[PDB]
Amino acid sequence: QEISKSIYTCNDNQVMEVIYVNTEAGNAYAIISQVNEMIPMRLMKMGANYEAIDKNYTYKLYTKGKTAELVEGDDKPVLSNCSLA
C-alpha cells in the first residue's frame, strides 16, 4: 500500500491535492496537478521537500507536518499557507 492522497486548503481560497508515494525500498515521491498536467516530484530534502522530476518544470513542494507551500522558479510562491484538510 505505497500510495496515498492528501488534500490541502491554501491561501486565496484554493485547494491543492497531493498524491504521495512511499515505496517499501524507501523512495518517496509526490504528484501534483498544475495547469491541467500531473507533475511527478521526488523527495530532495528532509520537513520534506520535493522537486519536479522533469527538469523542464521548476515546481518545488515544501512540507512541514500538516502544512505546505508550493513554489516555482526562484522560490516564487504559487500556493501558500497550505494546511491539511
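Residues carry their position along the shown sequence, with the first being 1.
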Missing residues of the deposited chain between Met46 and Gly47 number 1 to 3
Higher of the two mean Cα B-factors (61 to 69, 21 to 29; per PDB record) comes from 61 to 69
Per the PDB entry, mean CA B-factor is higher for 36 to 44 or 52 to 60, namely for 52 to 60
Temperature factor at the Cα of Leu79, chain-ranked in thirds, falls in the middle
